[PDB]
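# Topology and contacts: notes
If you want the building blocks of each chain, they are given just below.
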Amino acid sequence: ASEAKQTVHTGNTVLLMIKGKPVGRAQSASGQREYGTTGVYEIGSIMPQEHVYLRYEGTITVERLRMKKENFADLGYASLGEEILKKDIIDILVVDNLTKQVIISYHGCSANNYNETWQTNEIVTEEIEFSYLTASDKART
Amino acid sequence: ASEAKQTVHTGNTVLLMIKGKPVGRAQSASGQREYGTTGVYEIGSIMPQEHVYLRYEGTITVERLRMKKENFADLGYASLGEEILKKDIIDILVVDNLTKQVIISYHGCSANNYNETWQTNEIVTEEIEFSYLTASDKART
Amino acid sequence: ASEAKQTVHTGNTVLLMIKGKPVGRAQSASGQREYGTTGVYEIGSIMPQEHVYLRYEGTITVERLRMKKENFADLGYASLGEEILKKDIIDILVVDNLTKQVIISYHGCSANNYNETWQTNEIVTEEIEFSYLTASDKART
Amino acid sequence: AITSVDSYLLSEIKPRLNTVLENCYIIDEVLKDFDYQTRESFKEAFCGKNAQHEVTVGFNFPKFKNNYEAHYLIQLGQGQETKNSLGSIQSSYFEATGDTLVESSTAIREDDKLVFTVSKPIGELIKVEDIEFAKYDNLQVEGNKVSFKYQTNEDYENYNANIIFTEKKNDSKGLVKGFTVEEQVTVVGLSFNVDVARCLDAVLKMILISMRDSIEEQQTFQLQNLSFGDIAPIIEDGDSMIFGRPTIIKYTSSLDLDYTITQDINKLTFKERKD
Amino acid sequence: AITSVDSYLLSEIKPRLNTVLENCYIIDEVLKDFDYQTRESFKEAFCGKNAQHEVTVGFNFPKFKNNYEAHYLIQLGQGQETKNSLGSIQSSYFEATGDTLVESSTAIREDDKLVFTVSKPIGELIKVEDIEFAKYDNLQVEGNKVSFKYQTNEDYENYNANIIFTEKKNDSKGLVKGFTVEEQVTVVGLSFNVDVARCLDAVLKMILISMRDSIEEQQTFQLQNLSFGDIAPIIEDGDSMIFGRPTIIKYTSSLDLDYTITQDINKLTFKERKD
Amino acid sequence: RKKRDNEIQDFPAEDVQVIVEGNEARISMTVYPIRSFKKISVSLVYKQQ
Amino acid sequence: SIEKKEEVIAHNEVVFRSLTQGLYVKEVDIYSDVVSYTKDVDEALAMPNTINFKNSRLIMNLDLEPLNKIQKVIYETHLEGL
């Protein structure tokens, strides 16, 4: 039996896709958003009379195991030097394994920092952190 | 036997409710309040002569498992871009499972930051932190 | 059977090479790159209209077990005093054990700090952190 | 919705195992790494439509004799509770809903709308294959059938679509109370020939891999983990030993119960007071 | 590609062990630390092309008698799942690919190009020994053979090259679904003479060291770990005891299955709407 | 992106339609055209003081 | 007798068949020319039966005998008396 009213997402029901290509052996991803809320304090009140949105900052991180082929450097998505200046924006999509419907998409993603670890006793891993213009959860049912 | 004089609250005796809707698969929530107490020091005393309240800052966090439906983004409570500017305030209520009486309510809640984690070996989780104008524990017996 | 379409790199398929010499008993290495992305915020928008690259900073660390011979000090790659001023740049190469093809090379590496630990119950280890001008992943197939 | 992992395993295994053993190409793909001898012997014995020998699957402690040439043996194993929500609340529903169904349905013409018929009524429509209805199409569900505007879509009068939907049970509303359970189930292949056991284990692994795309465990039994034991002689008291390699499968499911609510507000009594 | 670690171990061990025992120089290098007596006795018994005594290797529970003068015994052991990717996705491929092959191939002259022939078609070319083709050479692969410009390279008409490449199976495309498995396999040497067992264990360790340069485990069975047990009497009920020192070998491999895709887009239908 | 570049003033986000059929896809969407400034009518009133 | 009935068309496709051998097509090459045949009626190669596909590519061979295949699946109940 399978009652959809209580289902949740997991690692086996999600795909990470770039330019249609599913990135392989991807391990984890985290998303952050900051609206920069600030309160307004009058003289005759310790309490904040109201809150206001001021600034939108958002970053997304991706952890991956470096495949011998189609690594982020080979794919051209990342960069290692002045080649970065010629790299255009990208959109990173999280799409449902079952229906292939979209769960959340990040628009105008741009790379922030690049990390790779070479270790003796463990598989090679690399991490990338992007900064995006806007997020979207459209194209739903 | 059940002597009410010693009972305490637990995860099985509490409900988290928004706009009447009970949020599903909610895991944890924390509440913080800062009165900004400061002392007054005279010249002829190392001791603080008195303390005074100056500033009220309060935040509440919520941890949840992303259901495939009725997630904070789908519910319209959260936001992912400029849609936030059209989102009005909300009130988050913690209500007793037994009696449906209120334990504590936060008024004029506003969103501060949004966090979601996609991981391979664990269920998806998301965290939201709100900033509220005032708290209340009224409507008791 | 061995399908190359899914292979990944590990500690047993990588070599760390300097000036053609394979450094011995090398344990780990980490690489960092920072493009210094910053957003542009107009008056009439909380959202960042666009991101721009500003500054390239990169460091690589190496952990090693101090062999009685050919340690980083004996090899002349590191330095312990004013001898550093006469040390020229170097290139650190990560090369594939199988094919001897290159995976990533760091050009114009320069030493930043030097750490060595003498301990009673464990083998001696030393750590070096370099700062490099540019990275490259050329010379591929 | 109480979960019976063993029955689900049996229902998934039997047709899928039969289909996999039906054809030789899939088996050759599976047994690529094995040697020629064992591969071809297993193919001769079990593979093919006209195979004389056949595998079987069943639960443990059967009172009857069980075939030990090649058999899949299941036993329930342990279980544990791992995570909970506030008030044991999992979800809230306005309309009672049963299982999630997938049905193929060819498009049909109605005087104002193209429609798809379905076997049973609809509680909620999740997805229509390769379609993203816009406002102009004005997607509407009316019990058994789903419908969209005829005129601007008239090229697709016979679209061979398929539908993922959910059954409708009642119009009542209630709360879902329950928790998550982390369960372990043991599966072992039996054979007096060790090579047959090895090949059987490989086939088992492949079908477990294939199952991850199934709707039910995508919705109900997420977080599948596997663990394999050592090849051991299951029995020594017979004329010849039984050899088997137990495997442990883990799953996470949400045991839950629907608590109905009879309270429905339809009127308001806003009146002032005087003193 | 399901992995059978035991068969791979056997195939790697047998020719390599025979080659190592073929010559005396390698054995002397291996047994440098051992005393003169045991070293020379083992060399007399087993080492050399014309050795009268011979070692053997096979799996456990053989119905026939097995030689206990010197034998390598293998048993499968336990296994565990350690890491997973999102959606169990490991890699994506446009062309079906089998094993990775290494072939020697002498250069050949063609009217416009130097070429190398190969046994089987090419899905992807990984490396050509001691060559880094430039744009001028315009490296191209056309099924069985790989080719580069004749004129500026004409000095190398008979270059004794060798090639690392990958087989081609089909032109279809699909997804690779699977996970990583951390497996343990046990290997033990048997001998009624303890010194022979010690030397056999040392030889086993050396061949395990040598295997790390192999293509297959470089591509499939990374992260090799070893663990040795204590010298124990395997059997006491015979006229004389059997002595053996079990060793446990660990490996990490990716069990995976190729899921084909039939969807191919070749046309676009960009049309506006009116109201 | 176009709106962020001021190339288009407004549009409906929900109006888009996509249909896929074997090797073919149909896309339908709407965007509001920009409107320019055309007419101005003015009247004057003279008064004392 | 019947108490309740409903009919739906699960699939509607076009099947290709040889004129001489009489066997349906099973597998095809890059251009979709035939490489294998089968005696089965359901396993045979088939495509959606709609005008858009037909206009979007008969095209492979001169053995011009396609077969419109339509699958009817019916749900019904009975109340048979004693």
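Residues numbered from 1 in each chain as written, not as in the entry; some residues may be left out. Chains lettered and ligands numbered in written order. Part of a larger assembly, values for the part shown. Heavy atoms only, no water.

Per the PDB record, this model was obtained through cryo-EM at a reported resolution of 4.3 Å.

What follows concerns the overall build of chain F. When helices and strands are counted, chain F shows 0 helices and 2 strands. Projected onto its principal axes, the C-alpha positions of chain F cover 80 × 20 × 15 Å. When the 49 residues of chain F are sorted by exposure, 24% land in the buried category. When the accessible surface of chain F is summed, it comes to about 4500 Å², and 52% of that surface belongs to carbon and sulfur atoms. Averaging the coordinates of the 9 positive side-chain charges in chain F and doing the same for the 7 negative ones gives two points 14 Å apart. (Helix = DSSP H or I, 4+ residues; strand = E, 2+ residues; numbered from the N terminus. Buried < 20%, exposed > 50% of the residue type's maximum accessible area, 1.4 Å probe, protein only. Areas by Shrake-Rupley, 256 points an atom, 1.4 Å probe, with all protein chains shown as cover. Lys, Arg positive; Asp, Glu negative; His and termini not counted. Charge placed at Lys NZ, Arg CZ, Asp CG, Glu CD.)

Opposite the 12 residues of chain G that make contact, chain D presents 13 residues. Contact between chain G and chain D buries roughly 1100 Å² in total, counting both sides, with carbon and sulfur atoms accounting for 43%. Counting across the chain G and chain D interface gives 0 salt bridges. Connecting chain G to chain D are 4 residue pairs in polar contact. Of all the secondary structure elements, the ones that give two or more residues to the side of chain G that touches chain D are β1 (2–16) and α1 (51–55) of chain G. Top element by residues in the side of chain G that touches chain D is β1 of chain G. It accounts for 6 residues. (Contact = heavy atoms within 4.5 Å. Buried area = accessible area lost by both parts, 1.4 Å probe. Salt bridge = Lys/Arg side-chain N within 4 Å of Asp/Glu carboxyl O. Polar contact = N/O pair within 3.5 Å; in protein donor to acceptor, adjacent residues only side chain to side chain.)

Side chains carrying opposite charge are able to pair once their charged atoms draw close together. Residues and elements named next belong to chain D. Scanning the entire structure with this criterion turns up 66 salt bridges over all chains. Close ionic contact of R245 with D201 constitutes a salt bridge, the shortest N to O distance being 3.3 Å. A residue pair is termed long-range when its members are at least 10 positions apart, and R245 in the loop between β16 (242–244) and β17 (247–261) and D201 in helix α4 (residues 194–211) qualify at 44 residues. Overall, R245 belongs to the buried group, its relative accessible area being 8%. Assessed through its relative accessible area of 7%, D201 is described here as buried.

Residue and element names in this part refer to chain G. On the basis of which strands lie adjacent, the open sheet formed by 3 strands has the order β4-β1-β5 and antiparallel pairing. Two strands close off the open sheet at either side, each with one partner strand: β4 (46–48) and β5 (66–78). Neighbouring strand axes in the sheet, compared pairwise and without regard to direction, differ in orientation by 40° on average. Alignment of β1 against β5, held across 13 bridges, turns out to be antiparallel. Considered in β5, the bridge of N12 is made with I70. (Pairing = 2+ DSSP bridges. Axes fitted to C-alpha atoms, helices over the stretch in contact; angles between N-to-C directions.)

Along the chain, the position of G76 of chain C falls in the loop between β6 (57–65) and β7 (90–96). In this structure the C-alpha to C-alpha distance between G76 of chain C and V23 of chain C, which are 53 residues apart in sequence, comes to 13 Å.

The next thing to look at is the packing of aromatic side chains. In this description, an aromatic ring pair is defined by two values, namely the gap between the centres and the angle between the planes. Residue and element names in this part refer to chain A. Summed over the entire model, instances satisfying the criterion amount to 22 aromatic pairs over all chains. Here the aromatic rings of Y35 and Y56 are separated by 6.5 Å at their centres, their planes lie at 50°, and the arrangement is tilted. Here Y35 is found in the loop between β3 (26–34) and β4 (38–40), whereas its partner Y56 is found in the loop between β5 (50–52) and β6 (57–65), with 21 residues between them in sequence. One exposure class covers both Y35 and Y56, and it is buried. The structure contains a cluster of three or more aromatic residues connected by ring pairs, namely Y35, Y53 and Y56. (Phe/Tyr/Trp six-rings, centres within 6.5 Å; stacked < 30°, edge-to-face > 60°.)

Within a sheet, adjacent strands bond to each other through the backbone by hydrogen bonds, running parallel or antiparallel. All names here are of chain D. Spatially, β5-β12-β8 is the arrangement adopted by the 3 strands of the open sheet, whose pairing is antiparallel. Edge positions in the open sheet fall to β5 (96–104) and β8 (124–128), since each of these has one partner strand only. Looking at each pair of strands side by side, their axes are set apart by 15° on average, direction ignored.

What follows is about the packing of helix α3 (residues 36–46) of chain D against α4 of chain D. Residue and element names in this part refer to chain D. Where α3 contacts α4, the two axes come as close as 10 Å, and the packing angle between them is 80°. Accordingly, the angle class assigned to the pair α3 and α4 is roughly perpendicular. Judged by residue contacts, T38, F42 and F46 of α3 engage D195, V196, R198 and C199 from α4. Of the residues in the contact of α3 with α4, the class split is 4 nonpolar, 1 polar and 2 charged. (Parallel < 35°, antiparallel > 145°, perpendicular 65-115°, else oblique. Nonpolar A, V, L, I, M, F, W, Y, C, P; charged D, E, K, R; others polar.)

Moving on, we come to the nonpolar core. Within the largest apolar cluster, 81 residues are counted, with the highest numbers of intra-cluster contacts made by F72, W118 and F130 of chain A together with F72, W118 and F130 of chain B. A per-element tally of this core places strand β8 (residues 102–119) of chain A first, with 7 residues. Apart from the residues within four sequence positions on either side, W118 of chain B is in contact with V14, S28, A29, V94, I103, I104 and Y106 of chain A together with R66 and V124 of chain B. Ranked by size, the runner-up nonpolar core spans 41 residues in total, among them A70, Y72 and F221 of chain D together with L255 of chain E. (Core = buried A, V, L, I, M, F, W, Y, C linked by side-chain atoms within 4.5 Å.)

So, about the interface of chain B and chain A. Tallying the contact residues gives 35 residues for chain B and 39 residues for chain A. The junction of chain B with chain A conceals about 3400 Å² of combined surface from both sides, 54% of it contributed by carbon and sulfur atoms. The three residues of chain B that bury the most area against chain A are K68, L80 and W118 of chain B, which together make up 24% of that side's buried surface. Applying the counting rule to chain B against chain A returns 3 salt bridges. Ionic pairing is found between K68 of chain B and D96 of chain A, a salt bridge with its closest N-O pair at 3.3 Å. Counting the contacts that link chain B with chain A gives 21 residue pairs in polar contact. If one sorts the elements of the side of chain B that touches chain A by residue count, strand β8 (residues 102–119) of chain B sits on top with 10 residues. Residues of the side of chain B that touches chain A, tallied by class, amount to 15 nonpolar, 12 polar and 8 charged. Both β3 of chain A and β8 of chain B contribute to a ladder of 7 bridges, which runs antiparallel.

The next point concerns the pairing of strand β11 (residues 162–170) of chain E. As paired strands, strand β5 (residues 96–104) of chain E and β11 of chain E are joined by 7 bridges and run antiparallel to one another. Residue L101 of chain E lies in a different strand from β11 of chain E, and its bridge partner there is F165 of chain E.

Our focus in this paragraph is the relation of the copies chain B and chain A. Superposition record for chain B on chain A: RMSD 0.0 Å, screw rotation 60°, translation along axis 0.0 Å. Those values place the two copies in the arrangement expected of a six-fold rotation axis. A share of only 6% of the interface residues of chain B reappears at the interface of chain A, consistent with the copies meeting through non-equivalent patches. (Least-squares fit on C-alpha atoms.)

Here we come to a nonpolar patch on the surface. The grouping of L268 and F270 of chain E together with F11, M29 and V31 of chain F at the surface amounts to a nonpolar patch, some 470 Å² of accessible area in total. Here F270 of chain E shows up in strand β17 (residues 269–270). Taking relative accessible area as the criterion, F270 of chain E reaches 47% and is therefore assigned partly exposed. (Patch = residues over 30% accessible without salt bridge, like charges linked within 9 Å, V, L, I, M, F, W, Y side chains within 5 Å.)

Checked against the element boundaries, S227 of chain D lands in strand β14 (residues 222–228). Overall, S227 of chain D belongs to the buried group, its relative accessible area being 19%. Polar contacts involving the side chain of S227 of chain D include one to the side chain of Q80 of chain E, which spans 2.9 Å. In this structure, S227 of chain D is in contact with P246, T247 and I248 of chain D together with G79 and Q80 of chain E, ignoring residues within four places of it in sequence.

Residues and elements named next belong to chain C. Here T117 lies in strand β8 (residues 102–117). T117 sits in the partly exposed class, given a relative accessible area of 33%. Here the alpha-carbon distance between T117 and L65, two residues 52 residues apart in the chain, equals 9.9 Å. If near-sequence neighbours (up to four positions away) are discounted, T117 is found in contact with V124 and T125. Among the polar contacts listed, one links the side chain of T117 to the side chain of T125, at a separation of 2.7 Å.

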